[PDB]
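One-letter residues, chain by chain:
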Amino acid sequence: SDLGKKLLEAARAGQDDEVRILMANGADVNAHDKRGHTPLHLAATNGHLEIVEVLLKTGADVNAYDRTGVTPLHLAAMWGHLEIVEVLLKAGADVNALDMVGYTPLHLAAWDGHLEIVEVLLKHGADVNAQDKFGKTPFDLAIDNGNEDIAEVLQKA
Amino acid sequence: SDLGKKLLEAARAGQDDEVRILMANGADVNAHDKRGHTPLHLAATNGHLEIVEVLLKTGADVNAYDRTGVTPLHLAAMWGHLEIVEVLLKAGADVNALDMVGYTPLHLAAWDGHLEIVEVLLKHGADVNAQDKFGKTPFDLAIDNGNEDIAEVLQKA
Amino acid sequence: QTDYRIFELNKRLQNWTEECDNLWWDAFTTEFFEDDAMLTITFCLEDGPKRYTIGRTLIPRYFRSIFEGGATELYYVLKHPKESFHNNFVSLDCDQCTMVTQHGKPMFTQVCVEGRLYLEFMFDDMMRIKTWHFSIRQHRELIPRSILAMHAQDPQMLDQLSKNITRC
Amino acid sequence: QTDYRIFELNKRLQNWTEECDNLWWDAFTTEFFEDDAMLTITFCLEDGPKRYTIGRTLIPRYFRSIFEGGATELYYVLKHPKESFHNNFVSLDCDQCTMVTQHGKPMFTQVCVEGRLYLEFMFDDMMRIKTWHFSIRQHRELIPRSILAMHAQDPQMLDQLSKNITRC
């Protein structure tokens, strides 16, 4: 509750020492704000790898979805955070998880334009054929946002 | 009243034929709006010389002052209307009339930068020494607004 | 009044610095867009087809990208927009919208992307954007007059300053 | 909210055309300024002294003059203004104000005059400007990149395009 908030704040600001004080003072690691963002969502968006690892280790839900159906793996993939994408898949993050729009992580990485992040998702069995609300595939999104390397790859599966 | 308005409108839009229909239908030529603008103020600002002449002829007050103390001669001088400045002086317009700010016509012409308009005012006995609310003279205003011809002249009186 | 909302949007964008984190773009998108918002950009018909259509999760990532270019300044200028009212929502159709960005520290280029912007807004307390469609006609780039003085006598440097740094 | 008032002011200025009469400038000044308003402009300290101080009767004539230059477009950009409240009035101190004008049909130059704008506003229903002080730091002129492409090979025409068309 009270501690709930401080731990979202600290997870956001990548404040490693302050995440430990709170977790030791009993902060809920599956605490959520009005959006349905968890520490994991926040740390995964701002690229805070060490906080991702330690939250996952203390039972943070790898597959927690916000009110828009968005998971940390969606966010890591969209914002182009390689190491966090790898750590989340290993903690069991759903590679073909669907938000309210029908976006998968692959869709979001196809957009962001991170070459390796796409291959890691494809290696972990991302659906090359997944259609968002607008009938667009990761392929399509990579043409749209002008990532022609990524689209070569996506033309293979 | 009702007709009052149509005659301000027509005086503004320089609509010569519509000023005659109204004057013939009894429109008050010293009619005024919320500002205290008369047909004469309006026609003198938009440069409508013929309407100025015909209003002056049917008893329009040459020296009517709006709520800010502003006369048609102030307005003609500020907007750079030579023929209207000449017609107003001949109908007896006060050449050294003061608004709420202490502006004379000469101050306003000193600003506008109309070389002849200044000399006509000076010929008609404009005060070269008149000080606005800010202690500025027509001279000063012509330096301020970068009219160095006008200021040569004003350095003489 | 919809026009206040795009003023407030330009005002928020002023607070952006290289120092701002990715979650700033989410809080920004939460203030001005609905949870199910849609955003379409149709690009100059001098190029090929080109047409973003993205939902809410990608909108933070779209706006961020405008400043990945070197843009350090973004505002939308709406000349003579049409407000219309309906059952659930208000439309704002602006045929003369300019998206203005300024590149560089110091400023070395301004980019004006001119087109029609259509917005639908929720008619509630929050007045957030349901729909955003910007169909671009053209883009022009302006450079300081000073840069031209500088390189007057450098055919090669004038040849490079001739070239657009963006596509639209 | 004072910031809405300068949005409304930029919005009104959009309605200006060569086709507008001198009394449009009076109606404009009545909507945004008090009957006893004061307007000060302090010009670039690279030149001499230069300092307009004018009362209400000259304010219509001031704004008109901005478009006598060839300017067909005027708006004020306020980056991070400070609203403060007092007994009779609200202050708005904006250290990062840009006065933007665009010259020509078609546009051939944009003029940015950057300085501090201080406003005092009547705190009543009308929220009109009691006081207007703009102390200018600098001005820069931007030209289309296209104009530079055009005259690449014309030393003389590039020498003329080098020169500022305004002073501030």
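Residues numbered from 1 in each chain as written, not as in the entry; some residues may be left out. Chains lettered and ligands numbered in written order. Heavy atoms only, no water.

Structure determination for this entry, per the PDB record, employed X-ray crystallography and reached 2.2000 Å resolution.

As recorded in the PDB entry, chain C goes by LIM domain-binding protein 1 and comes from Xenopus laevis. Here the PDB entry's recorded title is "Dimerization domain of Xenopus laevis LDB1 in complex with darpin 10".

The name recorded for chain A in the PDB entry is Darpin 10, from synthetic construct.

Draft legend 1. How the structure looks around the overall build of chain C. Counting its secondary structure elements, chain C contains 5 helices and 7 strands. Its helices and strands taken in sequence order, chain C reads α-α-β-β-α-β-β-β-β-β-α-α from the N to the C terminus. Viewed in the frame of its principal axes, chain C has a C-alpha envelope of about 60 × 35 × 30 Å. Counting across all 168 residues of chain C, residues that qualify as buried make up 58%. Look at the contacts in chain C between residues 6 or more apart in sequence, and 56% of them connect residues 24 or more apart. Carbon and sulfur atoms make up 49% of the accessible area of chain C, which totals about 7,600 Å². The averaged location of the 24 negative side-chain charges in chain C is 4 Å from the averaged location of its 19 positive side-chain charges. (Helix = DSSP H or I, 4+ residues; strand = E, 2+ residues; numbered from the N terminus. Buried < 20%, exposed > 50% of the residue type's maximum accessible area, 1.4 Å probe, protein only. Contact = heavy atoms within 4.5 Å. Areas by Shrake-Rupley, 256 points an atom, 1.4 Å probe, with all protein chains shown as cover. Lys, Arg positive; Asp, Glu negative; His and termini not counted. Charge placed at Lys NZ, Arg CZ, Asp CG, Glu CD.)

Draft legend 2. A look at the interface of chain C and chain D. Facing 32 residues of chain C, the contacting portion of chain D comprises 32 residues. Summed over the three residues of chain C that lose the most area to chain D, namely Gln14, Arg145 and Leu148 of chain C, the buried surface amounts to 26% of that side. Along the contact surface separating chain C from chain D lie 6 salt bridges. Notably, a salt bridge pairs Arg145 of chain D with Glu141 of chain C, separated by 2.8 Å at the nearest N-O pair. Summed over the shared surface of chain C and chain D, the result is 20 residue pairs in polar contact. (Buried area = accessible area lost by both parts, 1.4 Å probe. Salt bridge = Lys/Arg side-chain N within 4 Å of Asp/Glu carboxyl O. Polar contact = N/O pair within 3.5 Å; in protein donor to acceptor, adjacent residues only side chain to side chain.)

Draft legend 3. Expanded view of the packing of aromatic side chains. By the definition in use, this model includes 36 aromatic pairs over all chains. With a centroid separation of 5.9 Å and 50 degrees between ring planes, the pair formed by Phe7 of chain C and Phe7 of chain D is classed as tilted. With one member in each of two chains, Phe7 of chain C in helix α1 (residues 2-13) and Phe7 of chain D in helix α1 (residues 2-13) form a pair that bridges those chains. Classification of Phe7 of chain C by relative accessible area gives buried; the value is 16%. A centroid spacing of 5.6 Å and a plane angle of 45 degrees characterise the contact between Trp25 of chain D and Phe67 of chain D, whose relative ring orientation is tilted. On the criterion of sequence distance, the pair formed by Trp25 of chain D in helix α2 (residues 22-32) and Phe67 of chain D in the loop between α3 (59-66) and β3 (71-79) is long-range, its members being 42 residues apart. With a relative accessible area of 1%, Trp25 of chain D lands in the buried category. Looking at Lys130 of chain D, its charged tip hangs above the ring of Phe89 of chain D, at a distance of 4.6 Å from the centre. (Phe/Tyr/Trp six-rings, centres within 6.5 Å; stacked < 30°, edge-to-face > 60°. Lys NZ or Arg CZ within 6 Å of the ring centre and 35° of its normal.)

Draft legend 4. Representation of the pairing of strand β2 (residues 51-55) of chain D within the structure. Residues and elements named next belong to chain D. In terms of burial, β2 is a largely internal element, 4 of the 5 residues being buried. In this structure, strand β1 (residues 33-42) lies alongside β2, joined through 5 bridges in antiparallel fashion. By the bridge assignment for β2, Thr40 is matched with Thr53. (Pairing = 2+ DSSP bridges.)

Draft legend 5. Region of interest: the packing of α1 of chain C against α1 of chain D. Here α1 of chain C crosses α1 of chain D at 110 degrees, and the two axes come no closer than 11 Å. Considering the angle they form, α1 of chain C stands roughly perpendicular to α1 of chain D. Pair α1 of chain C / α1 of chain D crosses with right-handed handedness. Side by side, α1 of chain C and α1 of chain D meet where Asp3, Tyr4, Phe7 and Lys11 of chain C of the first sit next to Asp3, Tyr4, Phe7 and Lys11 of chain D of the second. Partitioning the contact of α1 of chain C with α1 of chain D into residue classes produces 4 nonpolar, no polar and 4 charged. (Axes fitted to C-alpha atoms, helices over the stretch in contact; angles between N-to-C directions. Parallel < 35°, antiparallel > 145°, perpendicular 65-115°, else oblique. Left-handed = near helix turned anticlockwise from the far one by under 90°. Nonpolar A, V, L, I, M, F, W, Y, C, P; charged D, E, K, R; others polar.)

Draft legend 6. Main features of a negative patch on the surface. Residues and elements named next belong to chain B. A contiguous patch of negative charge, built from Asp16, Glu50, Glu53, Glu83, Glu86, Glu116 and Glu119, is present on the exposed surface. Listed by contribution, the elements that provide at least two residues to the negative patch are α4 (49-57), α6 (82-90) and α8 (115-123). Among the secondary structure elements, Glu50 is positioned in helix α4. Overall, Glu50 belongs to the partly exposed group, its relative accessible area being 47%. (Patch = residues over 30% accessible without salt bridge, like charges linked within 9 Å, V, L, I, M, F, W, Y side chains within 5 Å.)

Draft legend 7. Local environment of the arrangement of the chains. Contact analysis covers 3 pairs of chains in contact, and the most contacts occur between chains C and D. The two units chain B and chain C are non-contacting; their minimal C-alpha-C-alpha distance is 24 Å. Of all C-alpha pairs spanning chain A and chain D, none lies closer than 24 Å, and the two are not in contact.

Draft legend 8. Seen up close, the relation of the copies chain C and chain D. Superposing chain C onto chain D takes a rotation of 180 degrees plus a shift of 0.0 Å along the axis, which leaves an RMSD of 0.0 Å. Taken together, these values place the two copies in the relation of a two-fold axis. With an isologous cut-off of 70% or more, the 100% of interface residues of chain C that recur at the interface of chain D puts this contact in the isologous class. (Least-squares fit on C-alpha atoms.)

Draft legend 9. Up close: the state of the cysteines. Counted under the stated rule, the structure contains 2 disulfides over all chains. Sulfur-sulfur distance for the disulfide between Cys44 of chain D and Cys168 of chain D comes to 2.1 Å. Of the two residues, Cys44 of chain D sits in the loop between β1 and β2 while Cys168 of chain D sits in the segment after α5 (155-161), which places them 124 residues apart along the sequence. Judged by relative accessible area, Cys44 of chain D falls into the buried class, the value being 0%. No disulfide involves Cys112 of chain C; its sulfur sits 9.8 Å from that of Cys112 of chain D, the nearest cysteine. The class for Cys112 of chain C is buried, based on a relative accessible area of 1%. With no disulfide of its own, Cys20 of chain D lies closest to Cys94 of chain C among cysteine sulfurs, the gap being 19 Å. (Disulfide = S-S within 2.5 Å.)

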